[PDB]
Colleague: 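Structure in structure tokens, see below.
A note on names: the letters A, B, ... follow the listed sequences, proteins ahead of strands, and every chain is numbered from 1. Numbering of ligands and ligand atoms starts at 1, following listing order.
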Amino acid sequence: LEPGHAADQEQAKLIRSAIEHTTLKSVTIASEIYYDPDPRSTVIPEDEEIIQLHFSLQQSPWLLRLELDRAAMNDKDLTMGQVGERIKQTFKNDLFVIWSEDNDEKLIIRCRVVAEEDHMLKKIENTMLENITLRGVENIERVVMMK
Amino acid sequence: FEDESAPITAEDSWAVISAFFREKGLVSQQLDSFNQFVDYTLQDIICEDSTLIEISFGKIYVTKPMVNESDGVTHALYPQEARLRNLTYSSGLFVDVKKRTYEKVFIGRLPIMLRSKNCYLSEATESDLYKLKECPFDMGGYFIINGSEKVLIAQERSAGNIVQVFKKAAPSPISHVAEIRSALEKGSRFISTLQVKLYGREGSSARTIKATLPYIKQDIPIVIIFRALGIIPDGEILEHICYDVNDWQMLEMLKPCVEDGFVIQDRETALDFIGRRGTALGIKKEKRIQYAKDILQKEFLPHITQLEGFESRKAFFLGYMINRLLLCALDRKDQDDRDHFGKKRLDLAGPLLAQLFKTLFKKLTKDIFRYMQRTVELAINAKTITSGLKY
Amino acid sequence: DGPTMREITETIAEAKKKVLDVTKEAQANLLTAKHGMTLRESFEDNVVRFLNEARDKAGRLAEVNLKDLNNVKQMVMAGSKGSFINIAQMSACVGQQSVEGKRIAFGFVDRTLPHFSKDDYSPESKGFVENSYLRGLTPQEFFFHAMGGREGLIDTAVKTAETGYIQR
Amino acid sequence: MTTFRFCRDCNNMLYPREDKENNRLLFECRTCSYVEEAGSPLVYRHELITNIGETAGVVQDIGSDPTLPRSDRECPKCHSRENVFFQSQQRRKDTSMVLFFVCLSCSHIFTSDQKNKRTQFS
Amino acid sequence: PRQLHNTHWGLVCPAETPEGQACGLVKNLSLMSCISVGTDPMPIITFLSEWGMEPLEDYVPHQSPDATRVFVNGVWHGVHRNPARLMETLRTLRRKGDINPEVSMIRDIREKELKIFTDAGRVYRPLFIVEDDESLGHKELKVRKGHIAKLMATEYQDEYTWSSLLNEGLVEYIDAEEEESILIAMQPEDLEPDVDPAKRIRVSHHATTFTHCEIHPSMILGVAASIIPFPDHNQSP
Ligand SMILES: [Zn+2]
Ligand SMILES: [Zn+2]
């Protein structure tokens with residue numbers, strides 16, 4: 001660590017999570033595909049408060065829902081917005097992404113492709129869980145702190 | 001007065017052990033193996049392929065140890081003499097041929113394992129042995145060839161007819177393999193290996209499952225094999241693999257399998273599919289479908305059955321392998337331990353002496369069938385076996 | 001010393017208590033793994049440390065007890081053959097056996113030997129040799145130690161074969 | 001938990017299809033012309049952190065297994081103390097050492113995971 | 001392969017192996033080891049269908065999940081509901097002599113599989129059977145003082161023999177495979193339900209499930225190590 005902050009358990013952890021490679025796979029609990037036709041209402045009840053909140057200051061009827069894990073989410077210094085905006089800056093306009101705010105009890109990410117409206121998604125899931133990098137450097141997996 | 005139903009103590013164990021060693025000695029491994037060969041295995045090798053396109057072989061006899069003399073009568077041979085005179089402690093190998101016109105006999109020599117049922121010393125008393133100039137402490141689980149005592153070291157090898165799933169190297173396109181080396185006890189040991197491979201690693205576009213059939217220059221998607229077996233409906237096929245209707249995880253792994261064999265929807269289309277991957281471009285469908293039927297009935301899982309009406313037996317066993325494969329692939333089980341001694345086998349005198357005798361009986365068989373094809377109007381090379389073994 | 005032996009046996013019993021507490025902790029799922037480390041890895045890491053720590057401290061007790069007259073201790077003081085690990089294993093506890101850096105593995109299904117019950121992660125189960133050479137190993141400690149030992153004979157053959165080539 | 005259905009006629013696997021007018025999920029066959037509505041909108045599930053498989057082996061004879069260890073804890077149901085226990089039946093490096101018990105009286109499975117989170121363990 | 005595998009116990013000497021290149025690959029059978037000479041499986045198969053084994057041809061998984069799978073020499077011959085009685089009968093038939101002692105029968109209670117092996121090349125050893133046919137108390141070894149008396153009474157007259165023990169179901173042969181499904185007591189005294197500060201320490205018996213007992217632990221050695229005095233006091237190598 002830098003000459004000054006070399007005796008900070010925290011300045012290390014920060015640098016740790018910043019070097020340790022992290023993919024969505026290490027944060028995701030489970031990914032599911034649903035047939036949710038109305039982009040407004042949702043067959044999924046728990047996902048109403050998330051779409052209701054997306055009308056304040058094209059899309060396929062198929063849904064890709066990801067249920068993240070708070071334990072890893074905060075253990076690897078990751079924000080829903082960060083994760084989301086990364087996925088978003090990965091699939092371009094090609095994908096419609098929305099996620100639940102850090103405050104909600106459940107961290108959910110729902111995506112829609114934007115007729116083969118099925119296979120693409122099952123591939124998109126794969127690419128997300130493994131190919132997208134949320135934080136860290138490529139090739140660096142384990143990263144341990146010592147004194 | 002020492003109730004005979006009283007418990008036992010540690011010291012009482014040596015009594016039991018002495019009993020063991022009194023009955024088996026220290027080389028029962030040598031004797032019992034070789035003895036099974038002479039008593040059963042042998043006669044069972046003469047009956048297999050005992051008919052030539054007639055001449056049929058029957059019963060077998062085993063002489064006591066004798067010697068091939070030069071300028072003299074045949075002599076009874078004893079160990080102490082075979083070692084000294086550099087002779088071979090072997091015995092006669094007669095048969096019982098039946099020459100039937102269809103458009104005792106001495107054959108070969110078998111070296112005898114000291115103290116086996118067929119050996120003189122086996123019955124010799126402590127006194128008889130002394131007279132024969134043979135130490136009564138000699139254990140005797142070996143042979144005497146050209147004067148020198150030869151021991152056959154136990155050969156360790158993997159067991160056969162055992163399913164085994166193994167993971168693989170990251171670079172390879174296949175992540176898991178379910179293997180089994182089928183073989184037959186009698187007749188011969190056609191070790192045709194069947195492999196059920198799971199293409200794709202954790203996280204690839206549709207992981208498919210294909211099997212490796214002998215003589216087929218391409219891996220065939222499993223669904224097609226099940227249909228060449230007469231199990232057509234996806235429902236039925238998946239039922240032969242997954243034995244739990246609620247196991248949505250395993251069934252999910254088979255989804256890409258179903259799509260992989262979607263083109264074929266009947267036993268014929270299945271057989272022809274397989275037939276082509278093992279035939280030239282000019283062969284007729286009928287011949288192709290036939291070729292595939294024979295491959296699945298003779299070169300596909302032969303340890304189970306090789307007769308005709310047993311397609312359900314092989315279908316369930318194939319499904320069982322798929323089941324084991326995915327089980328490992330789903331991380332519910334670890335890849336089999338290739339070092340477990342339970343799945344190991346040690347081949348001794350008998351088994352070892354059997355592979356040779358078989359190989360030689362077939363060579364002697366060829367030397368007799370030739371004495372018929374070339375015949376227009378006893379002509380048996382006994383040495384074909386004698387020096388074949390001895391060698 | 002008879003009293004030293006009572007101090008040694010207790011030192012070992014003390015270690016078996018620590019391992020027993022970590023096991024309960026792990027079986028309750030109260031134990032937490034360090035970053036980039038498996039739950040089972042942290043567990044093993046702790047049991048082996050407890051056990052080696054035990055052997056080592058039990059060894060010192062044996063050495064401290066030996067007098068300046070003790071010939072073994074004498075050869076060590078002069079620097080002519082022998083060392084601590086030697087006294088420690090001969091007189092007190094032999095230690096934890098290992099193969100490929102871990103305790104003896106479940107070669108049978110979920111057990112090290114058919115003489116144990118499934119899922120036994122205790123020190124006796126996975127190769128800790130409580131006994132010394134003076135006391136004599138139990139048949140299980142014997143076989144475990146022979147598995148550890150074998151690895152040495154093999155590695156030595158390799159170390160011998162590989163270094164010879166490098167040297168050239 | 002995507003229990004999929006097969007054809008009523010040929011028993012072949014059914015595939016999802018969209019009713020572009022009434023916006024609903026259907027499942028047709030690719031062999032015949034069979035078709036039907038969907039029970040749930042769930043068409044796919046992928047569990048990265050799986051639990052299923054940890055119970056595999058619990059049978060009506062699990063008690064007659066001499067290799068298993070026995071504890072005398074108390075089962076939440078019959079309170080009897082005839083227990084048999086084993087660790088997770090899964091085989092993942094990232095597995096815990098939580099113990100699973102099986103009451104030999106009513107065959108009820110109870111865990112020692114103080115962070116218990118499952119209702120059926122199935 | 002060169003590693004001394006856990007399954008080698010009682011079958012191959014843990015000490016005697018050639019140094020160098022053949023280290024681990026060349027082995028030596030322990031004193032009481034034996035190898036299967038091979039037996040015909042026809043009768044067993046017959047008895048199986050005679051005792052409720054459902055043919056694979058007439059098997060339907062979604063109709064009987066709890067069903068146990070029955071294998072013979074690697075061949076899946078069928079299925080059987082309630083394998084407990086079959087396994088009981090099978091063990092009785094072998095401890096009687098009806099089934100060749102050389103045959104290995106393994107029931108995988110948890111895996112729902114029952115496997116039998118009659119082939120040759122399997123290395124096995126004899127163990128002390130441990131059941132509770134005796135009412136007087138807990139589980140005990142089938143052999144007793146009366147049995148050993150006859151044994152020696154025969155050893156003195158130089159008829160009760162080793163095979164006698166087998167025929168009377170007092171001792172069994174066990175290969176590595178069947179070894180997986182049992183629990184063996186080390187000393188015969190480990191059945192009995194302020195120690196000498198000189199003896200070696202041992203772990204207390206936490207099982208009343210013993211199925212077998214070692215005749216004697218020193219039989220895990222082969223002819224060579226069998227000659228070393230106090231091997232249990234030597235460094236392994
Ligand atoms: Zn249909
Ligand atoms: Zn209960």
Colleague: When you measure from the centre of the six-membered ring of D/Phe85, is the NZ or CZ of C/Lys118 under 6.0 Å away and within 45° of the axis?
Modeller: no

Colleague: Could you walk me through whether B/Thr212 and B/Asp219 pass side chain to side chain donor-acceptor pair (under 3.5 Å), step by step?
Modeller: CA-CA 5 Å; B/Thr212 304; B/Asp219 289 311; 2.6 Å; yes

Colleague: Give every donor-acceptor pair under 3.5 Å between a side-chain atom in residues 114-122 of chain D and any protein atom, sequence neighbours left out.
Modeller:
residue: D/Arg118; atom: NE; partner: D/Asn51; partner atom: OD1; Å: 3.2
residue: D/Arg118; atom: NH2; partner: D/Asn51; partner atom: OD1; Å: 3.0

Colleague: Determine how many protein N/O/S atoms sit closer than 2.8 Å to the Zn ion (ligand 1), leaving waters out since they are not shown.
Modeller: 4

Colleague: Is the centre of the A/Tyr34 ring less than 6.0 Å from the centre of the A/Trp62 ring?
Modeller: no

Colleague: Is the B/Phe316 ring parallel, tilted or perpendicular to the E/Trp76 ring (thresholds 30°, 60°)?
Modeller: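 If you compare the ring of B/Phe316 with that of E/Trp76, the planes turn out perpendicular.
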
Colleague: Can a cation-pi geometry be assigned to E/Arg110 and D/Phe86, taking NZ or CZ under 6.0 Å from the six-membered ring centre and within 45° of the ring axis?
Modeller: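 Verdict for D/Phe86: a cation-pi partner in E/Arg110.
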
Colleague: Could you tell me whether A/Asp36 and A/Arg65 have a side-chain N and a carboxylate O separated by less than 4.0 Å?
Modeller: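 A salt bridge is absent here (no side-chain N lies under 4.0 Å from a carboxylate O).
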
Colleague: Check the Zn ion (ligand 2) and write out every protein N, O or S atom at under 2.8 Å, as residue and atom.
Modeller: D/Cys75 SG, D/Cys78 SG, D/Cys103 SG, D/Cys106 SG

Colleague: For the residue pair B/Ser312 and E/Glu57, confirm or rule out a side-chain donor-acceptor distance under 3.5 Å.
Modeller: yes

Colleague: In residues 268-275 of chain B, what donor-acceptor pairs under 3.5 Å come from side-chain atoms, sequence neighbours left out?
Modeller:
residue: B/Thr269; atom: OG1; partner: B/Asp266; partner atom: OD1; Å: 3.2
residue: B/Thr269; atom: OG1; partner: B/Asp266; partner atom: OD2; Å: 2.6
residue: B/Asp272; atom: OD1; partner: B/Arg288; partner atom: NH1; Å: 2.6
residue: B/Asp272; atom: OD2; partner: B/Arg276; partner atom: NE; Å: 3.0
residue: B/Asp272; atom: OD2; partner: B/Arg276; partner atom: NH2; Å: 3.3

